[PDB]
Amino acid sequence: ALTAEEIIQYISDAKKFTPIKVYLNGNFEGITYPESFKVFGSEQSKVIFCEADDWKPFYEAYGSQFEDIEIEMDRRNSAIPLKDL
Ligand code: NA
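For each chain, numbering begins from 1 and proceeds through the sequence as written. The entry may number the same residues differently, and residues missing coordinates are not shown. In computing side-chain properties, one takes all heavy atoms of the structure into account and sets aside hydrogens as well as water.

A. Fine view of the overall build of the chain. A run of H or I in DSSP counts as a helix once it spans at least four residues, and a run of E counts as a strand once it spans at least two, with each numbered from the N terminus. For the chain, the count of helices and strands is 2 helices and 4 strands. In sequence order, the secondary structure elements of the chain are arranged as α-β-β-β-α-β. Put simply, the radius of gyration uses C-alpha atoms, and a globule should come to 2.2 Å times the residue count raised to 0.38. Against the 2.2 N^0.38 benchmark of 12 Å for 85 residues, the chain shows a C-alpha radius of gyration of 16 Å, more extended than a compact globule. On the principal axes, the C-alpha backbone points of the chain span a range of 50 × 20 × 20 Å. The buried share among the 85 residues of the chain stands at 24%. Contacts were defined at the residue level, with two residues in contact if any of their heavy atoms lie within 4.5 Å. For the chain, the proportion of contacts with a sequence separation of at least 24, taken over those separated by at least 6, is 65%. In short, Shrake-Rupley with a 1.4 Å probe defines the accessible areas, and a residue's cover is counted only from the protein chains shown. Accessible surface for the chain amounts to roughly 6,400 Å². Of this, 53% is attributable to carbon and sulfur atoms. Charged-residue counts in this description rest on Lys and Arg as positive and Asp and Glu as negative, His and the chain ends being excluded. One atom stands in for each charge, and that atom is NZ of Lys, CZ of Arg, CG of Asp or CD of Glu. Each charge class in the chain was averaged separately, 9 positive and 16 negative side chains, and the resulting centres sit 5 Å apart. Relative accessibility thresholds used throughout: buried, under 20% of the residue-type maximum; exposed, over 50%; partly exposed, between the two (1.4 Å probe, protein chains only).

B. Inspection of the pairing of strand 2 (residues 38-42) at higher detail. Pairing between two strands requires that DSSP report at least two bridges joining them. Bridge count between strand 2 and strand 3 (residues 45-51): 5 bridges; the pairing is antiparallel. Looking at strand 3, one finds that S42 is bridged to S45.

Below, the structure written as structure tokens:
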């Protein structure tokens, strides 16, 4: 299906990004989220899909209003497509 050339081009393009997924409990009032953030959840518990490079300074800034945290690297960091799209 995909050629070796197409695969390494894909890896070259994709590897720049480091999507992660963060589970949080806490208070989310008075927070502005970076552009890479896609925030799901309820008033006092979130799941955030975001870029690692944005997560780091965000946590340093706002981490005092979070009470529990779990961080996962998104599986797309190690995915190659089976076909093009
Ligand atoms: Na990556």
